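S.K.: Below is one structure. I have some questions about it.
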4 protein chains.
Amino acid sequence: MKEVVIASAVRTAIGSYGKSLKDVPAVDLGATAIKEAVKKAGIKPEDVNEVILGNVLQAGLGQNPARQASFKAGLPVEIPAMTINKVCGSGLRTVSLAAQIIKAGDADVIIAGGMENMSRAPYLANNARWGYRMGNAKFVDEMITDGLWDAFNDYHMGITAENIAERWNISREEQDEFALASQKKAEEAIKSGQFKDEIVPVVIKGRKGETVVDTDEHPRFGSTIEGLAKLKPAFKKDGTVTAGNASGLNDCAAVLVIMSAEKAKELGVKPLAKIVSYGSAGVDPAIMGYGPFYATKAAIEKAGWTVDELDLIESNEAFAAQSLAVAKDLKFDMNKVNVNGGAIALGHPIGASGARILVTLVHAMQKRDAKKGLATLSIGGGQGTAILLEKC
Amino acid sequence: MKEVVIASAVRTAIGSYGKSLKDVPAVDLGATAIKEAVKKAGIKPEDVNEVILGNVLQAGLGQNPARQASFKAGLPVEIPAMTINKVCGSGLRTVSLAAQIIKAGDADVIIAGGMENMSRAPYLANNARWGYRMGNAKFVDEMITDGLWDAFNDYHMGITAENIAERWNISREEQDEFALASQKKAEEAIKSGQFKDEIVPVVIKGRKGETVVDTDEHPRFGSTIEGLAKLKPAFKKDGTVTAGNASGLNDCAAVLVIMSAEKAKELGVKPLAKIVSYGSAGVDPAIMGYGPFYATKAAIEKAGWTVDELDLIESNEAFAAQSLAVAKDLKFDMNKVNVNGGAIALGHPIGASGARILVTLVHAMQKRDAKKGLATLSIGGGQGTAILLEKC
Amino acid sequence: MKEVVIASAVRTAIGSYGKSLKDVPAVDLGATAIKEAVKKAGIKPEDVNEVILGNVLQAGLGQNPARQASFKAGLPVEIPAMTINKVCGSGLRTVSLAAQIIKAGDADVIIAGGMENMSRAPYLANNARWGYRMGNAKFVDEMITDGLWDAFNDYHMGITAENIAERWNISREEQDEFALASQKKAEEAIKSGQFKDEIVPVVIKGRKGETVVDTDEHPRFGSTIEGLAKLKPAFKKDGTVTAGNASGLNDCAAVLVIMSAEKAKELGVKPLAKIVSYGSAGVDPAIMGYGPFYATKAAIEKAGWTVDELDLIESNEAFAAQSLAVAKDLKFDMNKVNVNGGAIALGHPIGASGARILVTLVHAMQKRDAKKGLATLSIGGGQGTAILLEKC
Amino acid sequence: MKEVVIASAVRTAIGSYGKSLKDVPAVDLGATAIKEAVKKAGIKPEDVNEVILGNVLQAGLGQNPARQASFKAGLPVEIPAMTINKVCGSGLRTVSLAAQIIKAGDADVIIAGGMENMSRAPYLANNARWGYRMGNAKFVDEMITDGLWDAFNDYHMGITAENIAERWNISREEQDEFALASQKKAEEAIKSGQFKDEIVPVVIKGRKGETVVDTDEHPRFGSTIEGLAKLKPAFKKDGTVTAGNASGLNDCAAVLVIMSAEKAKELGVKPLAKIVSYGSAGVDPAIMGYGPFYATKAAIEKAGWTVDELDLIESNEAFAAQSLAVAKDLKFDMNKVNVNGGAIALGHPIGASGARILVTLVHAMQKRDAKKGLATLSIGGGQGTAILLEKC
């Protein structure tokens, strides 16, 4: 079938909760990233066949957030658009969907990725339409309910991370040392300019002129193991998961131009990487963090690779406990994993996250001349998605 | 490419706003439909490779409503699921997506369709997280915001219908006469059993007994042109669009088992219809109701067909103005269009509607021994989707 | 001191929760009652010196609900008004307040009483101004919070009633038998016209016609002991208090013109009754239902009277447990207590209830040619109020 | 009749909106002030006959805020309590009510004043009980609706201030110079310790120990006429009322022990002042700010005084425009008015305000040996209350 390539890969900076991007809707973050992805790919907007974007906290964002990002990016109205929700999987899944659509023969150029603004999530009154009748009710945190809460087990994704910590015996200390390592690598990557190629600035029109956001603000520079050790468990009494060893609540968009190799050649595009294979998998909701194990193994099988053949891995860090369990079971060389930091440091903008680590992966591959790459991440409700890349 | 077939096609009854399905979440409607779809295909839950469902008003429904429907239907945890939002296109677009993933070589059996419960949509407070500070604010009707409001022109879908009535010179009388015929056809179809095969019952089991819902309650039996002519305009002073010549706000799930022809043969399945081609297109948001013109033309071209070749046509009735504009410009034989009634009578459960019309089209094709069929509908934000079926 | 008299005494019908008065704000109920009170006293609006009304659930009713009732009743702007909240005592305490201000030499004519619409109470978000930050919160039922919940012990008024059933050893049977007699007396009183004089009609004039409300709808005609015995406990596992032996959640206004004897004589008024003495007392919040014991004893002492001297008694029926405890300890002849029914039948519109029972007592005194009367009721937070009347 | 005296007069500091007292409920501010008023009066809690406290934004504060302040102050439960709402009038009106009750012969010792926490006011959903049905609705700022909004004219109290500015020709410049003078006097009074006798500290138990609030934080020290002149109108295009010439939204409690002179002598109390007379009056809502003119003139008549006989005046400053119109018409010597600053500087905690200026007045009278004093203030909905004091 057709070969599928990444023509460009761009993200906004990742903002912290209620901070740098609090005033920028997800659709606007998306539009910004789309405009720049298309420029960087060296194609025209008229060349784009479809827009397929991840977004989880869609509540009150208005009809079809992907369509809104497309329109605001100034793409032609004739182009179809759809919004995909697979929780954290969403931004990665839109890229393998783009690959599938190209392999099916129905398109040659797709805008894919995702966008999230967790700072802007509303609160909900679920029975305001027909009435509460009597009695106190819940004023619902939509970010938690739609993004962070297991629908089957009625607890936080944080408890799924404790379950993996308990089952695998991943200790608090181990979780903290991985978090520390992620912090240090993200500081070194930011300060050394590793992310300059991939970040599109966001311009915020305020009262007095404008301000530019172009740097990932979530990392805690000069983090220490003592500092991490003082934190209290965040999710349960006497637990192991804290604020310091889990990611935050974050805002971002990450967008990729995906194309058939044939069209890329026809338009003079110099692709970054070939998408070699992909796969998604389900696991018990109760241990959703382990989803990447099974998605990765299936993707590696399809590609005819081994884990040891990989040059660079992005394995998301929603929680140290789940990253460490995946890492342990797939036997990753940890020196090749999240070489520029992971989500404990950088943030976890759920519907963008899977696209964000793919953007990070492909740019690291280009900069470091690393031939073979994997991107993978866990999904609430018990799933995983993985993609394999080979550099052009 | 592999050939792609519809193995089964099931829907719940369509409920009216605040009425027969008000106490049934979209994900439970979804699960009832899935469970019965699998049964009717003559396959086992284990035979399903993926679950792709439409759902527009996801607010507060929790993580990945498709996954929740899957799980509640008794489908294995290993099966990946994702939720699609293409506004009213959602339930139809999941089906062409399924065909694309099977054509790509990645699955053999997929649960597709959509689900919606508009009666259950919440109200939102957009600034409760960080605070209002001072002054009255909007308590936001999420159903309107996320389902029925144009994000770009800041007006209701109903104004887009008026734009089309104005630009195409479609009169109030033309719209009422179209609405009356839909009501007439719907009454006759219900009474003569046309929908009995396709409708799975919904059992509502409250604290003290049970209630079976298995009939479409939205039709107004004994409708008259005089009744319709008396109605007040719904969207603007002196408008042509009314409650009587537009659909309602409705609750439904509609689900299809989609398979490769090869796998259907391997599993002993007698498929209902082959998916011959499909397509989506965009159009000015202000005249979104015309999306089906461009989408139908693209699908017809791809299939090698003509409009005159078509035996049965499901062209959705969100508003009579848009159904009429589409039907005039495509030169449909209206004797072959919505033969069992359309959404003005039956309802328009947005995320499910696209799947609903396809379920209705394929059962009508089987019953009437009709070879070639077309399902298409308009999409808020200026889009349309179309699928062409050929009877097995 | 000046002698203080009741010139007129009027009330609306008492509506049931979510029923006949749901569309009538408390301040409009108030104005209808005021307008008719002035008329029935045979005075002019200009003769009124002040407006003092009870109202408990003031949330979102706007500035000074008493003033709004005054203005809407057609009373002059020069007349001062204030709104009193003594929970259920409010409507009775405004009357003793009026007597006190006239005794002080500061007015001759005062509009007193109370008003409530519990059906219309809002829900609240307590942290929307400065923000929730994260997590589900309480969507607060303001009717419960401000009207029915003990601020000190963090439980419903219904638990205070259970405390009294327990400490006084008042059985479920005693409570049901008391409730049945109230229902029996209420039916007989309505049917024989006992309330026709005191009730002013409420005209509801909507978009398309009108609806007169002029009958107390809360009574359950044909009540039986078997019916009552079957009921589930309302407040606690194995409780004695039920929906059948407690009052409801109700809507009413009740207003009295209070004057000096001197001014009534100057203006040609034939007063209904003299206010002989009054008093309020406190008690442990946990047994608030017993407040009327201490308040009645204080008022009786002040008047120079005895309980045995009383001809008619209005002792409110918020809960049968508390009515029974009070009546046992004061040794009331129950043949003389709530002769036309009590609140278990009629309803308990909290801010108006104290005025309601006084309106009912004085009309009963006039009709039955009864010389000495007593109105008293319990107050959430552990209080009681009592007024003693002597027929003119 | 009995002579009525002020035995003590105490207030909390006045906090700014969302600032120093944001975490202290009104009832807690009240309890603090009550405890200290009783100590300073040199009586026992058992000597107190009734509690009568002003509070306007009662929404969700729970049953009978006055009762809650009483209980939390540790006053005996046998003592009756009630909450009074006359908008800004409330805290002053409770003192003349206390006087009336004493003159009536029903009590000898009353706790009076008021409390407000505008920072803590909720938002409201008025139709959550029985349902919105469809459509966006208002998420209501309860502080604005219940405290700051005319119920008859459907605009802010700010527009009533513009109406007085326009009718009387009080210019922006004049309004600003009065505001400047109020600022300077409040700075001088705070820095010179004028308020030390009257302020009770509020202790806030936080995470790390506690913090004390004991100073009025609203004043803007080093205010200038240029700074005031730069502000934009706050209420209407091209208006005269700004943030700098109107008071804020503020938090406070102010409480007084009111007694008959006879009881004061019997208990060894050294009273501060005699309450000579009082009066309230109504005016058109549209010019509510002028209410004090008519209340003051009536109070002066009753006392047989003249305005020129007054030594000290507290005339509230909700808006410079209304203070100036009252001042002009009653011909006040402005050197004797608000000698320690007014509400433009100090704040306007609505339900406490009338008590706050009385506390300020009586302490200034004692400190400056000023024999005759007036306290007066405007009330939304078109009223005024005034009290005359003569020093013991």
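In the structure tokens, the first chain shown is A, the next is B, and so on; residue numbers restart at 1 for each chain, and ligands run from 1 in the order shown.
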Could you pull out the alpha helix (DSSP H) residues of segment 238-359 of chain B, going by DSSP on the backbone, and write them as a VMD selection string?
M.R.: chain B and resid 261 to 266 291 to 303 320 to 330 343 to 346 350 to 359
S.K.: Please list as an MDAnalysis selection string every residue within 10 Å of residue 241 of chain B, counting only C-alpha atoms and excluding residues in the same chain fewer than 4 positions away.
M.R.: chainID B and resid 158:159 161:162 165 171:172 175:176 231:236 245:246 319:321
S.K.: Counting only C-alpha atoms, which residues from chain A have an atom at most 7 Å from any atom of chain B, and could you show them as number ranges by chain?
M.R.: A: 58-64, 77-80, 82-87, 100-101, 103-104, 122-129, 142, 145-147, 149-151, 280-284, 380-381, 383
S.K.: Please produce, as a Markdown table, a per-residue contact table for segment 146-233 of chain B versus segment 322-345 of chain B (criterion: any atom at most 7 Å away, only C-alpha atoms considered), showing the nearest atom pair and its distance in Å to one decimal, sorted by chain then residue number.
M.R.:
| residue | atom | partner | partner_atom | distance |
| --- | --- | --- | --- | --- |
| B:161 | CA | B:322 | CA | 6.1 |
| B:164 | CA | B:322 | CA | 6.5 |
| B:168 | CA | B:325 | CA | 6.7 |
| B:179 | CA | B:344 | CA | 6.3 |
| B:182 | CA | B:341 | CA | 4.6 |
| B:183 | CA | B:345 | CA | 5.0 |
| B:185 | CA | B:341 | CA | 4.6 |
| B:186 | CA | B:341 | CA | 4.0 |
| B:189 | CA | B:340 | CA | 5.1 |
| B:218 | CA | B:345 | CA | 6.0 |
| B:219 | CA | B:345 | CA | 4.4 |
| B:220 | CA | B:345 | CA | 6.8 |
S.K.: Least-squares fit chain C onto chain D by Cα, in order, and just send back the RMSD.
M.R.: 0.3 Å
S.K.: Let's see if you can do this: from backbone DSSP, list all strand (DSSP E or B) residues in segment 176-262 of chain C, as an NGL selection string.
M.R.: :C and (199 or 202-205 or 210-213 or 233 or 242 or 246 or 250-260)
S.K.: Report the distance between atom CA of residue 20 of chain A and atom CA of residue 201 of chain A in Å, rounded to one decimal place.
M.R.: 12.0 Å
S.K.: Need the shell around residue 166 of chain B: protein/DNA/RNA residues with any atom at most 10 Å away, counting only C-alpha atoms. Skip same-chain ones fewer than 6 positions apart. Format as JSON, numbers by chain?
M.R.: {"B": [160, 239, 240, 321]}
S.K.: Hey, can you spit out that residue selection with N, CA and C atoms as a compact mmCIF listing (two decimals), in the first residue's frame?
M.R.:
# COMPACT_ATOMS: atom_id res chain seq x y z
N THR B 160 -29.16 29.08 9.46
CA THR B 160 -28.53 28.54 8.27
C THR B 160 -29.64 28.01 7.37
N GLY B 239 -39.99 34.50 9.79
CA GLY B 239 -39.22 33.41 9.22
C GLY B 239 -40.10 32.39 8.55
N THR B 240 -39.48 31.52 7.77
CA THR B 240 -40.18 30.43 7.05
C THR B 240 -40.03 29.12 7.80
N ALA B 321 -36.17 23.26 4.43
CA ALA B 321 -35.42 24.16 3.53
C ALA B 321 -34.15 23.52 2.96
S.K.: Under the rule that only C-alpha atoms are counted, which of D:208, D:368, D:39, D:138 is the nearest residue to residue 7 of chain D?
M.R.: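 Of D:208, D:368, D:39, D:138, the one nearest residue 7 of chain D is D:39, counting only C-alpha atoms.
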S.K.: Work out how far apart atom CA of residue 23 of chain D and atom CA of residue 132 of chain C are and give it in Å to one decimal.
M.R.: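 Straight-line distance from atom CA of residue 23 of chain D to atom CA of residue 132 of chain C works out to 14.0 Å.
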S.K.: Which residues come within 9 Å of residue 357 of chain A, counting only C-alpha atoms, excluding same-chain residues fewer than 6 positions away, as a PyMOL selection string?
M.R.: chain A and resi 92+254+314-316+338+342-343+375-377
S.K.: Deliver the residues from the most recent selection as a file, using C-alpha atoms, as a PDB file, in the first residue's frame.
M.R.:
ATOM      1  CA  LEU A  92      -1.582   9.958  18.579  1.00  0.00           C
ATOM      2  CA  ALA A 254       0.436  19.675  18.576  1.00  0.00           C
ATOM      3  CA  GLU A 314       8.996   8.646  23.762  1.00  0.00           C
ATOM      4  CA  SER A 315       6.992   6.812  26.358  1.00  0.00           C
ATOM      5  CA  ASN A 316       4.591   9.247  28.060  1.00  0.00           C
ATOM      6  CA  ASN A 338      12.393  10.747  26.776  1.00  0.00           C
ATOM      7  CA  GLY A 342       9.013  13.748  29.750  1.00  0.00           C
ATOM      8  CA  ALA A 343       5.544  14.810  30.905  1.00  0.00           C
ATOM      9  CA  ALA A 375       6.061   6.940  20.488  1.00  0.00           C
ATOM     10  CA  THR A 376       3.648   5.394  22.998  1.00  0.00           C
ATOM     11  CA  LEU A 377       1.208   6.398  25.758  1.00  0.00           C
TER      12      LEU A 377
END
